[PDB]
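Working notes for the structure below.
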Amino acid sequence: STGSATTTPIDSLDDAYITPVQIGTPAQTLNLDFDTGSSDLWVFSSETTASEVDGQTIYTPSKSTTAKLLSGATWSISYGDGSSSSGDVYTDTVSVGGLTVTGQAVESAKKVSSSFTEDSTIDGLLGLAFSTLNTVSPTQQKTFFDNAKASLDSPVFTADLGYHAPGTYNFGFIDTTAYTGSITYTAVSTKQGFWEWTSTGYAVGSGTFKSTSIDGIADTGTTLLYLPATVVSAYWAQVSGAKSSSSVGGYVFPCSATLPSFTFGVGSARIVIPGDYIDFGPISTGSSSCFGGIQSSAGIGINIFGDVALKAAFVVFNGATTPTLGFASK
Ligand code: NA
């Protein structure tokens, strides 16, 4: 089997991407944030505290003939941005892009934090990291990918995120039309439950490539590229008037600037992030200070190849017995 679904930016900045997902019988379609940095499929629901719902589409398990309470199971998750959610668990049929899993754990939110409530466009998350991070207790549950894997034509999914445009998540196949050149594969450590890999280095603009190992995770659920402070300082030093602002919470730059590209290494291959991808717009409405898309990972305890980096590539998440990542230009 295979599946193919379009993923759509939630706003003009590509702050996140939503992908429609069918849950239940008859189908209830919710727009979920596919997150390769977490392992819970959770949704706004008929159980969510009413004051914490503001415009999201909810899953109502009592209207699904295939929903069953997973008795005694609870979940609770905290993300890197400080947001959180928790609740109880149903099993139900879940389809993505024509690919169906029966008996998927659908984590129904009873509580969500303010950042979820305030984002009307995201109806929940679909985690695609390793199932060892799933938060369901007392019986840990599998991700949608892990439950689909054995049925897929190939045990892979691919992320093809757009810059200010829709893109695609495919399950079970490589679309050889979706990228240029060849795919370079690189080793993954699953020890922290992430798609953790080691970049071979970087370049700023037209500058020389610096060969240096940068361990980090491929995380579709993180907007920005978070890298060591040395690397980030070297990038923003090429932008006149850029500075790190403790008041704003990262590097800012004059909105009048033209940003340089940023290149990262994948083995001997190179992925180029155009400068435009690094512009996250005014810090507040009407400001001439703009927020940067490359930020320091110092204090986060891991480097994160988020959407800024991943949307410059066609990315293969290879879930074979020994997982690997692949990157191609596109
Ligand atoms: Na922000």
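In chain A, numbers come from Swiss-Prot; the residues present are 90-419, in order.
Even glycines carry a Cβ here, placed using N, Cα and C.
Going by Swiss-Prot, these are the annotated features:
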- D124: active site (ACT_SITE)
- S288: active site (ACT_SITE)
- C344-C379: disulfide bond (DISULFID)
- 106-417: domain 'Peptidase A1' (DOMAIN)
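Reported as a whole number, the C-alpha separation between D124 (active site) and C379 (disulfide bond) equals 26 Å. Other Cβ atoms within 10 Å of the Cβ of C379 (disulfide bond), summed over all protein chains shown, number 22. Around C344 (disulfide bond), the same-chain residues at least 6 positions away in sequence with a Cβ under 8 Å from its Cβ are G370, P371, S376, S377, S378, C379. Taking Cβ-Cβ distances under 8 Å and a sequence gap of 6 or more within the same chain, the neighbours of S288 (active site) are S302, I303, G305, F353, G354, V355, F394. DSSP assigns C344 (disulfide bond) to coil, not to a helix or a strand.
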